[PDB]
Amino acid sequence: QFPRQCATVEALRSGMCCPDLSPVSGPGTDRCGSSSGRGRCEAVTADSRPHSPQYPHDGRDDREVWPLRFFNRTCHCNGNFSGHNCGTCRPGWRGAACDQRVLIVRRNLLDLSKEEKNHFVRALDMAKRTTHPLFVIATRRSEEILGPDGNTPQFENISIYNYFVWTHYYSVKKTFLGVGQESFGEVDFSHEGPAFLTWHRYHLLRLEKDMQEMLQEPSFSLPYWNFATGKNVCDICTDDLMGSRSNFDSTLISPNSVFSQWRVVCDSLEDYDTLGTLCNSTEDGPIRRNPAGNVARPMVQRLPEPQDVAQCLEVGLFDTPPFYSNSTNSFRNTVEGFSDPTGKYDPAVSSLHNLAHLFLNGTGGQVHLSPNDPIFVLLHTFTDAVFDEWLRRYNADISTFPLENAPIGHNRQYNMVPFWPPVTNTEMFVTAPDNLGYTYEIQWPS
């Protein structure tokens, strides 16, 4: 979402989000760090290719051709500089000159020491309470963004972790068609299409970087949850990490975990989808979680089996037409979980990633809310590790990631919505250890 210095009347009217780095001559003298060599203000490239017919409302949604409905000029950085004003470094690099390499290791959360587990939990809890230094979130769509009087930007501050929740919400929210009309919901800029894995990859990368800055620990890394154990229970739902079940309400988190104190954002779909507003930073109810608790649905009462992961990693094509939740023999659709682990589509089956969400039978298994449950982080780093292992095994073959006719938001050159600065699926479709500054300490079934 947008840098706080671009969430202004002036930037929104100029169409330019090219903030100063730190200037030596007045405002606007160091846009994008052009006074050093770090970058320059340029016209943004957004994907212009056609999408699948499933979305019939071109012209109606701010997420189309992201970010062109808000800005048409942004910072393009030189070399291995990066960031909204080119003031930081590309993934894998540090130093004032972005020339020292860093490789952090994402580890199984259960393999961490006692103090590392406690450090992780406290860091998450700190991220939930600490204001994001850079980004603010819109509470209104683009026509109402400058407020009732036209001079009051409708943006709020938000914590580092709630920004993580909000961006996921925004990628899945329904298209608002107007007061009195039913919002359109067969749209999803981050699920049910090729962009699913690269979207969630950047999602994690952005949270990890914000927490590194927040902790001033450049090597801080996010652990993972191997949910592919076939278990009846959530083996990370203990009070020293992520929280066990409350003995006073089977759907709440134990009061002996800090996560029982968390309150969720974005739980007012009734307001957003009838008034045309957006999720704001005001929190509401507690996390609901009831692992294996969905008695109405026995197939989401057990986590995936270890051979489900080994089978989905045999699927050698990243995606297949129609690049949607009913693709067959699609690695993306298999690990997302709409196919069985062999690649066969079946509308009645939930597996791998989808199954892990639904297993939680609560906040973590509702699409507009699921990052509110911090198990989301660990669930998706494991999903990302499977993706990365696939990238290594099939030499990151992006040829099947479609350029056209994917569901809207899922064309290969689409800037993943609503991430800032603009970043395409292509930029995430690379093996992580040599291109993004992280790797997984993990072993695969075999």
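Note that residue numbering follows the sequence shown and begins at 1.
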| message | Quick check: 227 to 235 versus 168 to 176, which has the larger average CA B-factor in the record? | response | 227 to 235
| task | Taking the mean of the C-alpha B-factors per stretch from the entry, tell me the winner out of 31 to 39 and 65 to 73. | result | 31 to 39
| task | Tell me which of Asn108, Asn329, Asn372, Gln212 tops the list for C-alpha B factor in the record. | result | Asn329
| query | When you compare the CA B-factors of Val121, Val136, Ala127, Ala348 as listed in the entry, which one comes out on top? | reply | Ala348
| note | Tertile call for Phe220 (CA temperature factor, within chain, third-based) is the lowest
| task | For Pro23, return the chain-relative third of its C-alpha B-factor as stated in the PDB record: lowest, middle or highest. | result | highest
| field | Ranked C-alpha temperature factor of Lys117 among modelled chain residues, by third | value | middle
| Lowest, middle or highest third - CA B-factor, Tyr55 | highest
| request: Rank-wise, by C-alpha B-factor, drop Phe259 into the lowest, middle or highest third of its chain. | output: lowest
